[PDB]
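Okay, so here's the structure we're looking at.
For the single chain, residues carry numbers from 1 onward in sequence order. Note that these values count all heavy atoms, side chains included, but never hydrogens, waters or copies made by symmetry. Just follow the structure's listing: the first ligand is 1, and inside any ligand the first atom is 1.
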Amino acid sequence: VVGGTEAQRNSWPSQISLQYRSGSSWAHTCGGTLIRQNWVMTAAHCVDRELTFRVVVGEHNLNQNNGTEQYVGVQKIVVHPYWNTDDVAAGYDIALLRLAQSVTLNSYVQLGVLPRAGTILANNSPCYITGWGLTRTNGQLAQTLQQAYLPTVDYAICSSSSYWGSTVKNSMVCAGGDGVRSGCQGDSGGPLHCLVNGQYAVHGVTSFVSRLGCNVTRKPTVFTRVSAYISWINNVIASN
Ligand SMILES: *C(=O)[C@@H](CC)[C@@H](CNS(=O)(=O)c1ccc([N+](=O)[O-])cc1)C(=O)O
Ligand SMILES: [Ca+2]
């Protein structure tokens with residue numbers, strides 16, 4: 001997250017760190033959202049490489065023991081059947097991870113609330129991105145979880161020629177684009193939390209930023225629209 005602030009320890013309890021085995025240590029690669037005690041929602045592009053993955057729930061500082069973490073392996077990976085790694089712009093950037101063990105819920109570990117199917121946010125709706133991604137374009141990952149206020153940019157504006165044009169689809173949510181605040185590499189897969197009827201709900205799964213850089217004016221961060229995939233999510237969870 002570029003232009004973020006350190007989140008409080010118990011603000012976003014559905015946020016997880018998706019990590020891969022490197023030698024005899026582990027490395028953060030993406031975020032995700034805990035949606036069931038044994039299921040995580042993330043981006044499909046986060047699992048394109050054939051690596052060994054684990055999920056960390058209750059995490060705040062990647063480089064130190066926080067005394068609240070639970071570490072669990074990934075037992076099954078279900079990517080949307082229409083996903084294509086060579087066309088992130090086609091959409092379908094979503095995947096569900098079945099955990100090897102069900103995690104224990106507490107004030108640091110909670111399920112994310114998802115929107116009702118078909119819900120679209122009005123332009124400029126209040127949302128926050130969270131993650132341990134780069135803190136600057138071509139920078140380094142954050143040690144502590146970061147948050148940034150990123151208001152939505154509706155489809156008509158986002159798909160206009162000076163913004164993302166045809167690259168953005170109605171199956172996606174755009175947010176930010178002020179040139180200062182944005183998601184960045186390593187935030188992919190995590191949540192976009194938006195305030196609706198007094199409750200924060202996870203409306204986006206972080207998907208991409210410009211090739212020019214993370215925080216680029218009129219290139220808002222782009223997310224998979226969770227409310228377009230509610231039937232798919234329920235269908236996968238019910239048949240596994
Ligand atoms: C996500 O972090 C976005 C920017 C918000 C970028 C792509 N994702 S990534 O750099 O985290 C990533 C993770 C894992 C894989 N993989 O397993 O192939 C690939 C990329 C971005 O748009 O550059
Ligand atoms: Ca830690």
Side-chain angles (χ1 to χ4, degrees), residues 1-4 6-7 9-10 12-13 15-22 25-33 40 42-72 74 77 79 83-91 93-95 97 108-109 127-148 150 164 167-168 172-177 181-192 204-216 219-224:
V1 181
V2 181
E6 178 183 356
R9 202 171 282 287
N10 57 355
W12 312 108
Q15 172 85 56
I16 71 82
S17 172
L18 175 69
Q19 311 184 343
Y20 66 88
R21 204 165 310 215
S22 180
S25 73
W26 289 88
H28 173 92
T29 189
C30 275
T33 300
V40 163
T42 189
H45 189 217
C46 288
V47 294
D48 273 333
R49 292 160 155 145
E50 317 255 359
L51 307 170
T52 290
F53 295 103
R54 75 184 183 175
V55 157
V56 188
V57 301
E59 185 55 292
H60 185 73
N61 188 316
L62 292 174
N63 293 271
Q64 275 167 341
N65 173 42
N66 291 103
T68 54
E69 311 88 330
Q70 301 168 52
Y71 303 87
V72 62
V74 175
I77 296 170
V79 176
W83 169 247
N84 174 14
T85 312
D86 83 81
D87 196 351
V88 184
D93 194 9
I94 190 168
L97 314 180
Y108 305 102
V109 183
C127 304
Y128 283 86
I129 189 177
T130 55
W132 294 272
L134 308 192
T135 58
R136 278 193 90 161
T137 294
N138 294 320
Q140 71 182 319
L141 297 174
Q143 295 205 348
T144 62
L145 185 65
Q146 305 285 297
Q147 70 181 53
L150 302 187
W164 277 108
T167 288
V168 158
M172 298 161 188
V173 177
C174 299
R181 289 176 285 197
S182 71
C184 203
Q185 284 75 210
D187 287 321
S188 290
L192 182 70
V205 174
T206 307
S207 188
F208 64 87
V209 294
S210 168
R211 290 194 288 101
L212 266 177
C214 293
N215 57 308
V216 171
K219 289 293 177 284
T221 307
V222 182
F223 307 78
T224 304

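A donor-acceptor pair is defined here as one N or O able to donate and one able to accept, closer than 3.5 Å; no such pair exists between the side chain of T224 and the backbone of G204. Checked by atom type and distance alone, the side chain of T221 pairs as donor or acceptor with a backbone atom of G183 at under 3.5 Å. Using modelled atom types, one side-chain atom of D187 and one backbone atom of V1 make a donor-acceptor pair closer than 3.5 Å. Formation of a donor-acceptor pair under 3.5 Å by the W132 side chain with backbone atoms of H60 is found in this model.
Nearest to atom 20 (C) of ligand 1 by heavy-atom distance, out of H45, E50, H28, is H45. For atom 2 (O) of ligand 1, the choice among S188, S182, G183, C46 with the nearest heavy atom turns out to be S188.
Heavy atoms of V88 found under 4.0 angstrom from ligand 1: none, in either backbone or side chain. Counting heavy atoms under 4.0 Å from ligand 1, residue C184 touches it through the backbone alone. No part of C214 comes within 4.0 Å of ligand 1, judged by heavy-atom distances.
The atom of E59 nearest to the Ca ion (ligand 2) is OE1, with the search restricted to N, O or S atoms. Among the heteroatoms counted here (N, O or S) of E69, OE2 is the one nearest to the Ca ion (ligand 2).
Contact annotation: the side chain of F223 never approaches that of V205 to less than 4.5 Å [non-hydrogen atoms, C-beta and beyond]. Proximity of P191 to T130: side-chain heavy atoms (C-beta onward) are separated by under 4.5 Å at one or more points.
At a cut-off of 3.0 Å, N61 coordinates the Ca ion (ligand 2) through an N, O or S atom. At least one N/O/S atom of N66, from backbone or side chain, sits under 3.0 Å from the Ca ion (ligand 2). Residue side and main chain included, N63 places no N/O/S atom under 3.0 Å of the Ca ion (ligand 2).
The nearest heavy-atom contact from the protein to atom 21 (C) of ligand 1 is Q185 OE1, 3.7 Å. At the shortest separation from atom 11 (O) of ligand 1 among protein heavy atoms lies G186 N, 3.3 Å.
In plain terms, the two heavy atoms of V40 and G32 that are nearest each other are CG1-CA, 4.2 Å.
In summary, of the residues considered (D48, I94, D93, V47), a side chain to side chain contact (heavy atoms under 4.5 Å, CB included) with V79 occurs for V47 alone. Among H28, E69, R54, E59, the one residue that satisfies the side-chain hydrogen bond (donor to acceptor under 3.5 Å, both in side chains) test with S17 is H28.
Below 3.5 Å of separation, one finds no N or O of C30 facing any N or O of ligand 1.
Counting the atoms of ligand 1 from 1 in the order shown, those under 4.0 Å from a heavy atom of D187 are 2 (O). Below 4.0 Å from some heavy atom of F208 lie the following atoms of ligand 1, by number and element: 22 (O). Counting atoms of ligand 1 from 1 in the listed order, those under 4.0 Å from a heavy atom of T206 are 5 (C).
Note on ring orientation: taking the six-membered ring where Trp is involved, the planes of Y128 and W12 are tilted (angle from 30° to 60°).
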